[PDB]
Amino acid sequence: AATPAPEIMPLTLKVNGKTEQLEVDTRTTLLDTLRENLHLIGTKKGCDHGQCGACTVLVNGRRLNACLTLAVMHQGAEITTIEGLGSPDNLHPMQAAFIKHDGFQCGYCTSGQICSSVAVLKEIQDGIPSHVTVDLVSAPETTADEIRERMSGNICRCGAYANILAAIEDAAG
């Protein structure tokens, strides 16, 4: 019969170092805030249901899927997208490694791969274990087995995976 009107609320985010002041529909995901409200289109929408990781971003340094969090939940948060890591004439080391190893084909998963991979190396350094960590009490090592598992939340239908792994191991050493 009917659906209710947008609830509009002010919102402050810090995106790639820059203070943004928005008025958003409460329903708006962080993903759509970046792409549609702020026109930062580098973050991609593969599924909108947390199944693909193409919308991976950093929120206060921790990777998450922007499609399954609300913008208004991160009032005053530091958001980092693919655009914040680097740009064509000042490539981040990871971005550059990906080019060198051909860790992408279509490019649609690639933002997400890159944001995850940078946070994954950080998680290993921080000593966060994984599904493949044999000894749970001791600190995890930066192995190929570990990276694969920790990256399995970023889906590449192009199947660039083997090259993505080579890019990450390169940037890690």
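Numbers follow the displayed sequence, beginning with 1.
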* To do: Compare the mean C-alpha B-factor of 43-51 with that of 138-146 as given in the PDB entry, and name the stretch with the higher value.
  => 138-146
* Look up the CA B-factors in the entry and say which stretch, 24-32 or 128-136, has the higher mean. => 128-136
* What third of its chain's C-alpha B-factors does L91 belong to: lowest, middle or highest? -> highest
* Asked: Comparing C156 with the other modelled residues of its chain, is its CA B-factor in the lowest, middle or highest third?
  -> lowest
* Relative to the other modelled residues in the chain, which third contains the C-alpha temperature factor of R62: lowest, middle or highest? -> middle
* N37 CA temperature factor, ranked by third within the chain -> highest
